[PDB]
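> Chains as they are written, first to last, in the entry's author numbering: chain F, 466 to 540; chain Y, 86 to 237; chain C, 86 to 313; chain Z, 390 to 540; chain U, 86 to 381, 386 to 465; chain B, 10 to 85.
Yeah, the Cβ is synthetic: ideal placement off N, Cα and C, and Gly gets one too.
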Amino acid sequence: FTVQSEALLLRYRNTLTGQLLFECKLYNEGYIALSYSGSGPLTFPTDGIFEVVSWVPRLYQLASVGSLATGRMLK
Amino acid sequence: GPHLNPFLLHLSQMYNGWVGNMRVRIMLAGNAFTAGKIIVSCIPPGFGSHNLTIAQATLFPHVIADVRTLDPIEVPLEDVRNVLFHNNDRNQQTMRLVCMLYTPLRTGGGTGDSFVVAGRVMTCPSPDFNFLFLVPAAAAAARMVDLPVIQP
Amino acid sequence: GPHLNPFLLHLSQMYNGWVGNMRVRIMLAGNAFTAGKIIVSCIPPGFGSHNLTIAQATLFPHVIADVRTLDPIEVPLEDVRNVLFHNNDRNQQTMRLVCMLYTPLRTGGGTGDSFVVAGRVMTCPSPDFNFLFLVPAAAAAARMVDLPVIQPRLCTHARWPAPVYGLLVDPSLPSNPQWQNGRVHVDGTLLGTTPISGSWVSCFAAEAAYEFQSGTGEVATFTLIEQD
Amino acid sequence: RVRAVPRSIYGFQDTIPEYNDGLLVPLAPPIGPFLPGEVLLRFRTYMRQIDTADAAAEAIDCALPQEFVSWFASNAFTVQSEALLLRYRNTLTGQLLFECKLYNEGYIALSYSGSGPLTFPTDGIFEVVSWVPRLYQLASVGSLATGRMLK
Amino acid sequence: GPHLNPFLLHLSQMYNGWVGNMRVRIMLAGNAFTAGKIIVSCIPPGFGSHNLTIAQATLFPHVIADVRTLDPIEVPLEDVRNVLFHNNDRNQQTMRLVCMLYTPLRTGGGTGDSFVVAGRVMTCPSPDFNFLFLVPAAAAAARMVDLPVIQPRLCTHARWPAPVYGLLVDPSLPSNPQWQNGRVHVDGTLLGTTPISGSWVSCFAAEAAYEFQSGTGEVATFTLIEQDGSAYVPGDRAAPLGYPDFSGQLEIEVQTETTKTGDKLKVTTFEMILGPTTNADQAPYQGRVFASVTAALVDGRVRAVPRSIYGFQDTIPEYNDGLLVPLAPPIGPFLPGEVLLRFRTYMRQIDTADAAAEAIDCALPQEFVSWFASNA
Amino acid sequence: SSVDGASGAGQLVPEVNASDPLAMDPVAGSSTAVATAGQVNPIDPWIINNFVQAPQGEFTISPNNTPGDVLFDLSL
């Protein structure tokens, strides 16, 4: 392929259930990044399809998702 | 812009720039049982993007029509310009025609909720309209890489 | 009034008077399958705000439109005046337009009771309209006061350092207490010894020493400093 | 150099100490005045009072919670009349509990005739109002059954 | 530009374009006993903002007036255009008027050096001027944010109930602390267990009892309630509001809750362990914690306030006994070279032959916590 | 462009300078070069009448100056 910018935005999705599991960055140099703060191996379901995106600058901020805790109120 | 008419759109790929007005015709013709009105307002280039409320739309030169109207409403899309003409870039801001629902749509009679009004928009250039410079038709590549749908 | 039109309204803040007529347009959204009429009555200034009967609404110069009308209903809003012109006053009573349902809305077909005839009102001055005297520009001051949406039992007490536990009134307590902490005015003026931090409340800081007046050093002498 | 924090009180009386050993001293004024029938809204907490064979809670009141103290000192609002009309409401249930007057000089009044400490739920949000002249008459509280029949 | 005239300015918000010429009048206030000239130069758009010499100012179409002039100096501000008309843009460069002193002011007579020639500038459009297209009305949104002018040392600390004593930065401390109290966003969004009142900070309320697992009733079992006496329900934060967000061994003083004058009071001291350890009970998040009567009296409803800390560590306690729990996120990020500003106070730490001050930090004083939650 | 304070200068200073003409005949301009210069290049008419501040545009007289002092020396 012809590459047009610094990374591709991908979604990992369950195509069966429809569920979006996460988003991630596939850098053009061939490795994928997630934003995650834990310490802490975090494991994902392997069934499990990736979809492009976007291009995406290299400073694109991914959604960390993950803390599945919104811990606070409001009203 | 030329992208409002299929023929023009095709010719667009061959020229660099344009100037002129368009003639727009929106078509409606719901059942005698439907009631409702829409509003079309012309927004000057330079205003920017803002979420307009129905009441705001009134502030712009507008036209209101009942969804049942047989004959298509004709609205001239004037080419308000700050400069002499246009080029085919993103630096251009042209006039807009925003059409929103003015009053809720409600069918009377034996209401078949499958009933929605199907509108159509047709256009043709005003004889003022002209394309400008002849240019190498094309230049719309889009090589987008994909991934195979194989689970890990 | 100029208030009906935002443009005019904005302008009124630059002139001190006005006279003129507006034009009113009512627009209804209905099918050919409906029925029902509306009535607009022109009420002169100096009448009153008493409620009317549709029958009575007829006694005023009026317009009765059938819901099916496609074209906008234009009604002239005339400036009936007692004086030569209007000076920006609330004492000025103007021409009124009252709109009422004349005959019940009856929709036919497979009658979807969710069906309603929507109406829109629009105005615009006519060439008769003119503002009068050029007066300074607009602008003013403000604004207002709000309170934070914090419940009392989530709050910090201002005279003893603890949470607030109670909210009450009690006519048998001293009615006019002379509290030095927890005093402020709505305008922000702090009074008394009132601190900003609730950790300061009922606390002090000092240099401490043991002088010997009695001479049996059980008494600390505190030379007070501020708690910061 | 030390810091002193309060641990308990013994023989509390809610009158001001003698700050200047007999001489006049600068003082915020008594809270008030109130219209006839208006009384101070109290925010309350408890001090540990000691004894001496027995520690027991003792009530101590103040005119606004410290958060409202900080809030006003920080906003420096412009005031436009003599008091603000507030509603105390349960935002959860929606219920209006009462109305009250927040005088510009920083204390809140309710109209209540009882004799008779009257206590309110603490969960419990205040909302402005109005401005409000100082002779604004509030709806009373305490009260008791107000419905009434034609009979 | 329309901005020169408040009337026009107000109008510009209704139309999307304009073209026209203004008229400018300069008026000076001087005696017949003065001297000195002024020069106004008309600078075309597309020139630049470089500084000029009076000599250079002459090279532009100009007007040189003597200070003694009585009549107002009128200078036409012409709309030199490159395009047909102007669309509201900052890209639009317009005709400029620059005024400079041409010759020094020399006042005669008994020269009062307080004497100065005052000048006033006025404009007005000419019949050429016109706005272009009618576009919606005006109005917008806002507004801004301010902070209260309270000094740090007058403030209340948000993680230990004491005055703020210190204001510092310290690159050798943990850079991204996971503080649950004293957390709010500028927009007013409270996070974590952050309470509104600083009297709630590091304190709790419970129903207290003495169960018998060991069977030697030294352990109080506290079923937590919120400190305003309302019921605590495990939710979207780690614990009841203001519950301690650090570890170590906390000495708490526990007193009967105060409801009314005459409520008889019991007051006991306990030590409670805040950290994870270890086979191993305690889940503030679920509503249940245990303290022991520093045997090492009180029950029904109580309030617990912090008395000292032993083995403090500024890491969060184990709120939910091993399970994930809702948490405000670590503080950060920071650019390279940026470090957290710390508001600091001191806990009494005990020993055991020696009580000594121990530092504890927070991100904003409680007054700023309350300020943002209130202003939204 | 030029606005002398005549209106408010009272009559304390002389408006125009009264002086005998220059003891010198007028000199010819371009007419000379027309025949031998390779080109005769015209200049912007707008420059032709604008009295602009010369690069040697300033000078100052003070009581420190003594007659004979040169205020400026312009060479064509």
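Nearest to F/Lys540 by CA position, among Z/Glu427, Z/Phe461 and Z/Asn479, is which residue?
Against the first sequence, residue 540 of chain F aligns to sequence position 75. Considering only alpha carbons, the answer is Z/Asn479.
> In three-state terms, what does DSSP make of Y/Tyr100?
Stepping through the second sequence from its first residue, residue 100 of chain Y is reached at position 15. Three-state result, Y/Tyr100: strand.
> Are the stretch 109-128 of chain C and the stretch 115-124 of chain Y in contact at 8 Å, needing three or more beta carbon pairs?
Contact holds: three or more Cβ-Cβ distances are below 8 Å.
> Are U/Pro248 and C/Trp245 close, meaning C-beta to C-beta below 7 Å?
By one-based count along the fifth sequence, residue 248 of chain U stands at place 163. By one-based count along the third sequence, residue 245 of chain C stands at place 160. Cβ distance not < 7 Å, so U/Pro248 and C/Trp245 don't count as in contact.
> Find the nearest neighbour of U/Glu303 within the set U/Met229, U/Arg153, U/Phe375 and U/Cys127, judged by alpha-carbon distance.
Numbered from its first residue, the fifth sequence carries residue 303 of chain U at position 218. Here the closest residue by C-alpha is U/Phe375.
> Closest Cβ-Cβ distance between Z/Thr511 and chain U: below 7 Å?
Here residue 511 of chain Z refers to the residue found at position 122 of the fourth sequence. Cβ-Cβ to chain U under 7 Å: yes for Z/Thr511.
> Taking a cut of 7 Å between CB atoms, which residues from the stretch 138-160 of chain Y lie near chain C?
Per Cβ criterion, the list reads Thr143, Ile149, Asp151 and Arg153.
> Are the C-beta of U/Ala117 and some C-beta of chain B separated by less than 7 Å?
Along the fifth sequence, one-based indexing puts residue 117 of chain U at 32. Closer than 7 Å to some Cβ of chain B, the Cβ of U/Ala117 qualifies, so yes.
> Considering only the beta carbon of each residue, do C/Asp164 and C/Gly86 sit closer than 7 Å?
To locate residue 164 of chain C, count along the third sequence from 1; it is residue 79. To locate residue 86 of chain C, count along the third sequence from 1; it is residue 1. No, the Cβ-Cβ distance between C/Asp164 and C/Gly86 is not below 7 Å.
> The beta strand (DSSP E) spanning Y/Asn215 covers which residue range?
If you number the second sequence from 1, residue 215 of chain Y lands on position 130. Y/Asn215 -> beta strand (DSSP E) spans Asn215 to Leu219.
> How far does the alpha helix (DSSP H) with residue 372 of chain Z in it reach, from first residue to last?
Beyond the ends of chain Z as shown, which are 390 and 540, falls residue 372 of chain Z; an answer cannot be given.
> Do the stretch 181-200 of chain C and the stretch 214-221 of chain Y touch if we need at least three Cβ pairs shorter than 8 Å?
Because the criterion of three Cβ pairs below 8 Å is not met, the stretch 181-200 of chain C and the stretch 214-221 of chain Y do not touch.
> Since U/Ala224 is in the beta strand (DSSP E), which residue starts that stretch and which ends it?
For the purposes of this step, residue 224 of chain U is identified with residue 139 of the fifth sequence, where counting begins at 1. U/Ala224 -> no beta strand (DSSP E), and no H or E assigned at all.
> Give the DSSP bridge partners of Y/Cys127, in chain order.
Along the second sequence, read from residue 1 onward, the residue named residue 127 of chain Y stands at position 42. Paired residues: Y/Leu182.
> May I ask you to verify whether the stretch 267-275 of chain U touches the stretch 309-320 of chain U, counting CB pairs closer than 8 Å and requiring at least 3?
Judged by Cβ distances under 8 Å, the stretch 267-275 of chain U makes no contact with the stretch 309-320 of chain U, as fewer than three pairs qualify.
> So the beta strand (DSSP E) Z/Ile514 belongs to, where does it begin and stop?
As a working mapping, residue 514 of chain Z is identified with position 125 in the fourth sequence. First-last of the beta strand (DSSP E) with Z/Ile514: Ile514 to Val517.
> Is the CB-CB distance between Y/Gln236 and F/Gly513 below 7 Å?
Along the second sequence, read from residue 1 onward, the residue named residue 236 of chain Y stands at position 151. Along the first sequence, read from residue 1 onward, the residue named residue 513 of chain F stands at position 48. Contact flag set, yes.
> Going by DSSP, what residues sit across from C/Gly204 in a beta bridge?
Residue numbering aside, residue 204 of chain C sits at position 119 when the third sequence is read from its first letter. DSSP lists C/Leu113 as partners of C/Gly204.
> Does C/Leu275 get closer than 7 Å to chain Z when you measure Cβ to Cβ?
Position 190 of the third sequence, counting from 1, holds the residue named residue 275 of chain C. It does; some Cβ of chain Z falls within 7 Å.
> Answer with yes or no whether the minimum CB distance from U/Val352 to chain Z is below 7 Å.
The residue labelled residue 352 of chain U in the question sits at position 267 within the fifth sequence. Interface residue, yes.
> Is the shortest distance between the beta-carbon of F/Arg537 and the beta-carbons of chain U less than 7 Å?
Residue numbering aside, residue 537 of chain F sits at position 72 when the first sequence is read from its first letter. So, interface residue.
> Within the 7 Å Cβ cut-off, does B/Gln65 reach chain U?
Against the sixth sequence, residue 65 of chain B aligns to sequence position 56. With 7 Å as the cut-off, B/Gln65 does not count as an interface residue toward chain U.
> For U/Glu356 versus U/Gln340, is the C-beta distance shorter than 7 Å?
In the fifth sequence, the residue the question calls residue 356 of chain U occupies position 271. In the fifth sequence, the residue the question calls residue 340 of chain U occupies position 255. Cβ distance not < 7 Å, so U/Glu356 and U/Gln340 don't count as in contact.
> Answer yes if the stretch 220-232 of chain U comes into contact with the stretch 273-285 of chain U, meaning at least three C-beta pairs across the two stretches below 8 Å, and no otherwise.
Result no; under three Cβ-Cβ pairs closer than 8 Å.
> Output, in sequence order along the chain, the residues in the stretch 211-225 of chain U whose CB is closer than 9 Å to any CB in chain Y.
Correct list: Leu217, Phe218, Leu219, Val220, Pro221 and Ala222.
> Using DSSP bridges, identify the partner residues of U/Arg373.
Walking along the fifth sequence from the start, residue 373 of chain U turns up at place 288. Answer is U/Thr308 and U/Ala368.
> How about Z/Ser470: is its C-beta nearer than 7 Å to some C-beta of chain U?
Taking the first residue of the fourth sequence as position 1, residue 470 of chain Z is located at position 81. No, Z/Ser470 lies away from the interface with chain U (no Cβ there is under 7 Å from its Cβ).
> Pull up the CB-CB distance for U/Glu159 and U/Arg205, whole angstroms please, since I reckon it's below 8 Å.
As a working mapping, residue 159 of chain U is identified with position 74 in the fifth sequence. As a working mapping, residue 205 of chain U is identified with position 120 in the fifth sequence. Rounded, the Cβ-Cβ distance is 13 Å, inconsistent with contact.
> Look up B/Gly14 in the DSSP assignment and say whether it is helix, strand or coil.
Taking the sixth sequence and counting its residues from 1, the one referred to as residue 14 of chain B is at position 5. Helix at B/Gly14.
> How long is the line joining the alpha carbons of C/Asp151 and C/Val125, rounded to whole angstroms?
Along the third sequence, one-based indexing puts residue 151 of chain C at 66. Along the third sequence, one-based indexing puts residue 125 of chain C at 40. Going from the Cα of C/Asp151 to the Cα of C/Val125 covers about 12 Å.
> What three-state label does DSSP hand U/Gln177 in the structure shown?
Residue numbering aside, residue 177 of chain U sits at position 92 when the fifth sequence is read from its first letter. DSSP places U/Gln177 in coil when its eight states are reduced to three.
> Cα separation between U/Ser282 and C/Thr196?
Position 197 of the fifth sequence holds residue 282 of chain U. Position 111 of the third sequence holds residue 196 of chain C. The alpha-carbon atoms of U/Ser282 and C/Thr196 are separated by roughly 58 Å.
> Please state whether DSSP places Y/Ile149 in a helix, a strand or coil.
For this step, residue 149 of chain Y is matched to residue 64 along the second sequence. Of the three classes helix, strand and coil, the one that applies to Y/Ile149 here is strand, per DSSP.
> Against Y/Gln236, what residues of chain F qualify as contacts under a CB-to-CB distance less than 7 Å, listed in chain order?
Numbered from 1 along the second sequence, position 151 holds the residue referred to as residue 236 of chain Y. Within 7 Å Cβ-Cβ: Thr511, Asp512, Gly513 and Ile514.
> Near C/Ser97, what residues of its chain come up, given a Cβ to Cβ distance below 6 Å and the 5 sequence neighbours on each side ignored?
As a working mapping, residue 97 of chain C is identified with position 12 in the third sequence. Once the five neighbours on either side are set aside, the close Cβ partners of C/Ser97 are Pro87.
> Are the C-beta of Y/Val230 and some C-beta of chain F separated by less than 7 Å?
For the purposes of this step, residue 230 of chain Y is identified with residue 145 of the second sequence, where counting begins at 1. So yes, Y/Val230 belongs to the interface.
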